[PDB]
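No lab work stands behind these numbers, since they all come straight from the coordinates. Don't worry about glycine lacking a Cβ; one is built from the backbone with ideal geometry, like all the others, and counts go over all protein chains shown.
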Amino acid sequence: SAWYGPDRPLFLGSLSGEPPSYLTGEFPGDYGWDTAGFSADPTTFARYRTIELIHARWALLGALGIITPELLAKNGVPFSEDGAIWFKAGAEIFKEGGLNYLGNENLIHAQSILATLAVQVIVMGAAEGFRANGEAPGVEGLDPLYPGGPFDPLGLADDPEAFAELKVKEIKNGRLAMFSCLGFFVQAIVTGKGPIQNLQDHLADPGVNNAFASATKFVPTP
Amino acid sequence: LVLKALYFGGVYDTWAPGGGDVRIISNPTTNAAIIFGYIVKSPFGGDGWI
Amino acid sequence: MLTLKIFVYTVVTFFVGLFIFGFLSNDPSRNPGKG
Amino acid sequence: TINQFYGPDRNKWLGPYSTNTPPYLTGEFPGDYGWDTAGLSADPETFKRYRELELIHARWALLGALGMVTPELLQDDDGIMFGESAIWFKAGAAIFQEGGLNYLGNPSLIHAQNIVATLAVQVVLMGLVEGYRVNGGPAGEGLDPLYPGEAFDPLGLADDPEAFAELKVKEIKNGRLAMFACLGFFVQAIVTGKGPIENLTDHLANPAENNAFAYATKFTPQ
Amino acid sequence: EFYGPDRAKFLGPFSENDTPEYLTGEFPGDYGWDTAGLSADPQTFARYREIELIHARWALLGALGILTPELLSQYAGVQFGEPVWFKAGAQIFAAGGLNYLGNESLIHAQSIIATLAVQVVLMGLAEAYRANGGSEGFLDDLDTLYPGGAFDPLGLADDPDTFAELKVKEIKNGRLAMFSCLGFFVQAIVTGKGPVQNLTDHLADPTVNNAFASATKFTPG
Amino acid sequence: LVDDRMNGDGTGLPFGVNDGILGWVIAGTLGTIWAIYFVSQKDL
Amino acid sequence: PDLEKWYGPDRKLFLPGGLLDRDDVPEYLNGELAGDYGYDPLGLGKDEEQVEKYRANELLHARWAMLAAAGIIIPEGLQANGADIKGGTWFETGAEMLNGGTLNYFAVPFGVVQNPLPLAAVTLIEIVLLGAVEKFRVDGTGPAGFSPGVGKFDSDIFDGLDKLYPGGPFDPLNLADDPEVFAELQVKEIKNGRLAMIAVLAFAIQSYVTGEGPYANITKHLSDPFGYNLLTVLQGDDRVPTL
Ligand code: CHL
Ligand code: CHL
Ligand code: CHL
Ligand code: CHL
Ligand code: CLA
Ligand code: CLA
Ligand SMILES: CC1=C[C@H](O)CC(C)(C)[C@H]1/C=C/C(C)=C/C=C/C(C)=C/C=C/C=C(C)/C=C/C=C(C)/C=C/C1=C(C)C[C@H](O)CC1(C)C
Ligand SMILES: CC1=C[C@H](O)CC(C)(C)[C@H]1/C=C/C(C)=C/C=C/C(C)=C/C=C/C=C(C)/C=C/C=C(C)/C=C/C1=C(C)C[C@H](O)CC1(C)C
Ligand SMILES: CC1=C[C@H](O)CC(C)(C)[C@H]1/C=C/C(C)=C/C=C/C(C)=C/C=C/C=C(C)/C=C/C=C(C)/C=C/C1=C(C)C[C@H](O)CC1(C)C
């Protein structure tokens, strides 16, 4: 329903006013929300756009990888006490049993955090270096923000109409994922429990077991 | 109906001790799990749906 | 015997899903009439 | 008169030791002391966005400071008209009292007990207000984003614009003092645990020791 | 090297093409790292350059200032009240005050308000003169970033090729200093002990005394 | 107890679900049928 | 805008289309006044001059009864909720300070303050104030004053001003320069005032019937609707059950 152009939906509904001039609806996820003038020149608008989409994809992965192991732990998969809650999952590799995938001894069973970090550093260094320059040994020229090709094996992005609607879906889902990831970060600090645990605690008695029940735990004391 | 059972004389409770009485409803069970477990219940014996 | 219940639940859900989404699959356009 | 604040010979951010004022701060807006040494307002549209943002921040912080000062000032001797709620950073717990929060000691004012209901009403009203501010509504349609002055200036005041400019500068510096005092209130809340008026009285009790240096070792990691 | 389109860059070959057009290598320290586009504008690039250089000098001074008292507590047994850097500011609050090397006749400072007042007045004047770049004839010139005049007494401000090379050396050393100072700030919070003593603890056994050992300190309950 | 039973009679089990695997196969079957229906859209 | 339902020949009437066709509406009600519903069961409208002369009194009654209804319902509610009013009930408010026990004025949100004025002084200044006010109303002359709308207006501002709708000093917030919004706000004012006169009459008759204030009436009615209403208070005391 007109996801681009001048008649795009905006970030305040009918009370949005005049959108900024630099936001013409050329790019996906344009709701006209720039109240601080960050995107005055299009170069930093491009840098902020690629940073936003990279953060969006990383947050989709993060939200899925935060929800899924805890749901599996509550549904039967043996995550003992720290592998379930994501903010203590990093402490799982320091036990004698180590980091086991799905609680299986034969799966992964990692104990060297140094080796894990070194492998992650070199692999992500190669991957982000290939992403940064736009050239890889196996692919020559693509859109540095929307590559496709080897990254699109099923080929859902062929015609511009569905490519644009799927781009809007991607950026909006990533924005929801970033919002939920910030929610996870604040919920872990404030409540000290997992996200699914906070949700189930909210479902028991939402009138009193909400965020306002934890508003008096950060009060300074003289 | 909710206001009638809460603040306007209550409703007749047959489960009140002694044989039932006109009771004022206090602390209605607003928990979604137990409320909708009636809805997703089987309609056979022992469950009876709603 | 839990496996039998899981299998029966899967088959029932499969057939009920075909029914529901087949009737969602624009059933009035399978009209042999005009309109 | 007006040349002290709206010209090349205006007041600066270092006095006589500031000749390198940025060229895009010629001076035609309230304030404009030349303090853009980090250069976040090089783009004129970014500059106007930040100016509008700063004026809104100032107008919020004036009310914020006067609302953080007033109930502590209006506290009586025995403290029966205010419980812990006289201190600004523990006033929210006034909604969780046995009778809710009353505006004063007598219970006939406000007497609200549902934090969720008052929050929902507050969000709805503030959303309508901010939408009218950024778009235009009953109070105005195409007025200035900072100075509408039609339905928001009923007492007249803004005559002879050579003095209205001085009044604008009065507003922006009072708001700057308010934001500075609001930051002071926040940092005092973090480290002392007492209200700002209590901190003022304790500083006047003995200024040789009762200051921030008495709390300089609070966050020492042990 | 460190200048021009063939300059060394912040991702090696991985940054040979995707480099900002405004980062042409004319100014030292240019490795092409502006992936956020914070200095796309030339005036904000100049302001951020000045901010970065002042931060570089300040953190070089700081990194030499919060290490040398602890190394003097090490080695040749120089005694202080508390050689730890993040617990040094409280030494004025002690009965013996603050002394430079423990000698009672060296500093013996007890008035924290007076030392704050003299410091703020003195270097408020100094930073006002730095931002102004002189006032009515007295050093009323120079770029307020590389003054040289009455600031390079030994006369190393000559031979512009090696001057630019030394500028590259300075900005790289300052970037290392700010990275190390951020490391000092983070280690102080997560351990509560001195940096060189953390180094000594790491040298005893690197497989146990590492940052991962204190990674569970800030977990929420 | 001479023999093993599920003991699922009564108790108000949601959709008669006693183990989470049952609800998960309900969700999976409905979701994959919905996914096939959703991918096979814009027809006729 | 949207003046096609409160003005003109096709407008909202006191009876719908089936009840009241437009033919038997009186010929002097052509939808040019605010709040014209064509309501004339009895012959009191006469002609246009008569209906505007009576509209003068209607508007005065409306603007008085709005303040009357608010000043009846507010202090009794405050006294019932816990304010120190001592006389929030409207039909016994005057009798409190008969012998010098002067009332307390409650200027929210910072009220509770004594009024050190006797009844003779209060009624004397009230007469010498509102007699001058009504003399200014029926003559259209004011000496001098300052208003937020027009600043430091002289005596030559009330001449030529519309009767019953004098703009300027009485319109500091304006929002009446546009004639369409002015007309719809006029019909809003006359409808609110008619509701207020009805409410004040209800207050008086309710007080006469039950002996307590309207706030007490509404609170007890929401506490027990079937157990407390007009038929309950007219029963006198309880009722013999029909068992
Ligand atoms: C985005 C990445 C990322 C995040 C958010 C975390 C978060 C966490 N790790 Mg961790 N890790 C991450 C990556 C990695 N970790 C490890 C290896 C470990 C180990 C071995 C351990 C942890 C532990 C912890 C927790 C420490 C408790 C704490 O600080 O609580 C307060 C903080 C929070 C509750 C959440 C804070 C969210 C928000 C403020 C973060 C904002 C962004 C960050 C600045 C991250 C920036 C990343 C950039 C540089 C790429 C914590 C929730 C420890 C643990 O489980 O302790 C119980 C632990 O033992 N991590 C590796 C190597 C494989 C990583 C590689 O990428
Ligand atoms: C004549 C000398 C003169 C000097 C030196 C200054 C200096 C200053 N003026 Mg200023 N002014 C001067 C004259 C004049 N001013 C003004 C009008 C204004 C205005 C209107 C404003 C200023 C402001 C400022 C400040 C701007 C920069 C800043 O924020 O730095 C930051 C300062 C520092 C970093 C100093 C820190 C010192 C340090 C010892 C403090 C303690 C550190 C802690 C121990 C650490 C705490 C954290 C740790 C624990 C993690 C600055 C300190 C601005 C300001 O900030 O106002 C509040 C401002 O808004 N001036 C006028 C009238 C025309 C002047 C006339 O002569
Ligand atoms: C700018 C707005 C704002 C601020 C700063 C606060 C601050 C606070 N509220 Mg709060 N509230 C605010 C708005 C609202 N509150 C409530 C409802 C409540 C309740 C019901 C309660 C609080 C409580 C608290 C306190 C939490 C305990 C504490 O000391 O924490 C540490 C914080 C400080 C010591 C103060 C310094 C804060 C500063 C560092 C942060 C400034 C930036 C902010 C993050 C704001 C960001 C933008 C906003 C829009 C999100 C705290 C001082 C609780 C309380 O008082 O318990 C005794 C409590 O029970 N609030 C509502 C709904 C009506 C609000 C609506 O706008
Ligand atoms: C860049 C400057 C600077 C920094 C980083 C510090 C840091 C510190 N000083 Mg300090 N000071 C500084 C300047 C000055 N101090 C003092 C006078 C004192 C006294 C009298 C005392 C301290 C103390 C402390 C410590 C507070 C306890 C703690 O653990 O806090 C939390 C620590 C951290 C969170 C980590 C370190 C801070 C880091 C995050 C800084 C990041 C940048 C800052 C935001 C800079 C802000 C100010 C700038 C703009 C001027 C702390 C590590 C106290 C102490 O030693 O207690 C044992 C103490 O008693 N300082 C003066 C005046 C002579 C200063 C400058 O003129
Ligand atoms: C970038 C986002 C992100 C991040 C940072 C993490 C991070 C983490 N995840 Mg997670 N996850 C994510 C996204 C993410 N996940 C998403 C999107 C999903 C949904 C699919 C999951 C689902 C998931 C599950 C189910 C589990 C984790 C687990 C973990 C933790 C340990 C991972 C591990 O065991 O090694 C890395 C894992 C792999 C490399 C894949 C596992 C492959 C298994 C062993 C199958 C073996 C393949 C094959 C048969 C054998 C290979 C043969 C070989 C010789 C070629 C770790 C902290 C585990 C945990 O302990 O919970 C905290 C856990 O069980 N994640
Ligand atoms: C299904 C309900 C319903 C609906 C949708 C309508 C709709 C309409 N009626 Mg109508 N009417 C109804 C019920 C309804 N009526 C009933 C029960 C009566 C008997 C009193 C009437 C008697 C009636 C007459 C005599 C006339 C209309 C007329 C009209 C038409 C326009 C004028 C008008 O709105 O009159 C307004 C009606 C009233 C002011 C009556 C008071 C209604 C108030 C608002 C009650 C508040 C509702 C509240 C929830 C209580 C409901 C009780 C509930 C528990 C059952 C309009 C299309 C007129 C017409 O036909 O045009 C030529 C006309 O002359 N109606
Ligand atoms: C637009 C605008 C305009 C205006 O005007 C201005 C402004 C205001 C500026 C704006 C806004 C902005 C914003 C909102 C921002 C935000 C962001 C975010 C939230 C991000 C996140 C983001 C987030 C993210 C990424 C996240 C991620 C996550 C992750 C990775 C996770 C991971 C994990 C997991 C899985 C699990 C395991 O076990 C562990 C871990 C490892 C932990
Ligand atoms: C200029 C420049 C230039 C260069 O170069 C660079 C730079 C540095 C960037 C710059 C600077 C800047 C600055 C200074 C900033 C700051 C700001 C602030 C402080 C704000 C605040 C601001 C502040 C604010 C708003 C505040 C507000 C407040 C409030 C609301 C409060 C409220 C309240 C009250 C009443 C009471 C109760 O009980 C509680 C509450 C409810 C809570
Ligand atoms: C390039 C780029 C590009 C992209 O795209 C974007 C971005 C991301 C933005 C980027 C990056 C950035 C960065 C890295 C930053 C950082 C910085 C730093 C670290 C600083 C520090 C800095 C640092 C510093 C100054 C420091 C300083 C220090 C000091 C003074 C010290 C002092 C002291 C002493 C001696 C003594 C005593 O007893 C203690 C104390 C008091 C403590």
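Things to note:
- Karplus 3J(HN,Hα) series, Hz, for the stretch E:36-45 with 6.51 cos²θ - 1.76 cosθ + 1.60 (x for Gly, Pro): 7, x, 6, 10, 5, 6, x, 5, 6, 5
- Positive-end residue of E:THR24, E:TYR3, E:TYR100, charge dipole of chain E with Cβ unit charges: E:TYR100
- If you bin all the Cα-Cα distances of the stretch E:12-214 at 5 Å, starting from zero, the percentages per bin are 1, 6, 9, 12, 14, 14, 14, 13, 9, 5, 2, 1, 0.
- Amide H contacts under 5 Å for B:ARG23: B:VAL11, B:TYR12, B:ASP13, restricted to partners 5 or more places along the chain or on a different chain, H placed in the peptide plane at 1.01 Å from N.
- Cα gyration tensor, the stretch E:96-189 - rounded (a/c under 1.5), prolate or oblate: oblate
- Computed from the C-alpha gyration tensor, the three semi-axes of the ellipsoid equivalent to chain F are 36, 10, 7 Å, from longest to shortest.
- Within 10 Å of the Cβ of each residue in B:44-50, the mean number of Cβ atoms contributed by other protein chains is 3.
- What the phi angles of the stretch E:130-146 give under the Karplus curve with 6.51, -1.76 and 1.60, with θ = phi - 60°, is a coupling list of 5, 5, 6, x, x, 8, 6, x, 6, 6, 7, 7, 6, 8, 6, 10, 9 Hz, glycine and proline written as x.
- Radius of gyration and Dmax over the Cα atoms of the stretch E:1-115, both given in Å: 22.1, 62
- Mean partner shielding of peptide C:11-24, defined as the number of other chain Cβ atoms within 10 Å of each residue Cβ, is 4.
- Expressed as a fraction of 2.2 N^0.38 Å, the C-alpha radius of gyration for chain G is 1.29.
- Proximal charge balance of E:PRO195 [Cβ under 11 Å; K/R count +1, D/E count -1]: -1
- Stokes-Einstein D in µm²/s, Kirkwood radius over Cα pairs - the stretch A:56-203 at 10 °C with 1.306 mPa s viscosity: 87
- Phi-based couplings in Hz for the stretch E:210-215 (Karplus 6.51, -1.76, 1.60; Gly and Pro marked x): 9, 5, 5, 5, 9, 6
- Spatially proximal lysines relative to A:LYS169 (Cα-Cα < 18 Å; intrachain offsets below 8 disregarded): F:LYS42
- Taking the charge dipole of the stretch E:68-190 about its Cα centre, with +1 at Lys and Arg Cβ atoms and -1 at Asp and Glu Cβ atoms, the residue from E:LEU156, E:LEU72, E:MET178 reaching farthest to the positive side is E:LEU72.
- Rounded Å value of the spacing that divides the Cα centres of the stretch D:205-222 and the stretch E:1-65: 40
- Across all directions, the average flat footprint of the convex hull enclosing the Cα atoms of the protein assembly as shown is 70.0 nm².
- Annotation: Cα Rg of chain B relative to the compact-globule expectation 2.2 N^0.38 Å equals 1.41.
- Other protein chain C-beta atoms within 10 Å of residue C-beta, averaged over E:33-39: 5.
- Candidate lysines - alpha carbon under 17 Å from D:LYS90, same-chain residues fewer than 8 apart omitted: A:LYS217, D:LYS194
- 29 Å Cα-Cα reach of G:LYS135 towards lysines, excluding residues that sit fewer than 8 places from it in its own chain: G:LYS46, G:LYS53, G:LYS152, G:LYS163, G:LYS188, G:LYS191
- Where only alpha carbons of chain D are counted, the Rg and the Dmax (Å): 21.8, 62
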